[PDB]
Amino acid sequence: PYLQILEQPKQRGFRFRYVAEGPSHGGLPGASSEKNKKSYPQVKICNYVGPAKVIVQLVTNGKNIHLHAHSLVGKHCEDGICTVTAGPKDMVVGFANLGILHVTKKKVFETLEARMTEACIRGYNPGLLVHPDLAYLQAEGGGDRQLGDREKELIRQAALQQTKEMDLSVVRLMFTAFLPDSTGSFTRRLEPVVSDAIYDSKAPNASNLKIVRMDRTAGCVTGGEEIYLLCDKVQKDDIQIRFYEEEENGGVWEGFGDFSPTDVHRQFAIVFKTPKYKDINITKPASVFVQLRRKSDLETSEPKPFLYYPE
């Protein structure tokens, strides 16, 4: 028996919320763009076993995995973790209404530590997520009652070590499937699965890329035309304006508009000059596309139409 991901959660787009912002904002969606489908991220317990217990924990997106400080809050959640069971005529368990609680930078340690304590007490992969020496605490711990001084200091040691590295802008979902052993009790899990990274849309570097409106929607094939482009929050240093045309054979033409970090108006507007076309001497016009592109991750905005006309 192994656990797998049917549908990943949508990487970019969702917005983590600070405690204050309340709980009524929305749930993290799945990767599917299919029309008329709210699509929630999905997991599947492949190779059918007893009515399993699937849990979700927020882990880091660092080289080495470590528990995250943020909390999953929503429908099936308590103390940062999400718990739901897989019915026999439904080995698939989808997740609807999971929100991501954003901890403040100044409260990262005391929250990271509290999250570790609980998973140690709950046996939720403490060997993996806190310290390899707490491996025995797997599927054990006893709520406060059984967590002793030794484990406590180790939790403090890992927390201190990890809070400094902690990236509050991106998280990963880790599902663990706990199958049943002795009569009733679900205690043996399969290998946990970690999802793709979910980047907070409210983060400067993972913002939504969108060209709101352009000055000119056409330009002379030689380029050089000045266009005032209005867009969503960007960062002068890490932004590009990509012109491109995809030819049926899989080849693609691209030309980048010219502007300086200085031409990027307060993160919401960019003044640039059109790039030269592929071929100058042409008879009928050529429709290409315009879009923002983030150098760093290469994420793009939906394309915008642009018509190139002759010399």
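Numbers for residues come from their place in the sequence shown, where the first is 1.
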*When the C-alpha temperature factors are averaged for each of 26 to 34 and 262 to 270, which stretch ends up with the higher value in the entry?*
26 to 34
*With reference to the PDB entry, specify whether the mean Cα temperature factor is higher for 206 to 214 or for 188 to 196.*
188 to 196
_Member of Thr111, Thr183, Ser71, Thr163 with the greatest C-alpha B factor (per the PDB record)_ = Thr183
*asked:* Highest recorded C-alpha temperature factor, please, choosing from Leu168, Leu229, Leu137, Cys82.
replied: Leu137
*Taking the entry's C-alpha B-factors for this chain, is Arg115 in the lowest, middle or highest third?*
middle
*Classify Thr104 as lowest, middle or highest third according to the C-alpha B-factor given in the PDB entry, relative to its own chain.*
lowest
*Of the three thirds of its chain by CA temperature factor, lowest, middle or highest, which one includes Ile55?*
middle
*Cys220: which third of its chain by C-alpha temperature factor?*
highest
*Could you tell me which third, lowest, middle or highest, the C-alpha B-factor of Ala86 occupies within its chain?*
highest
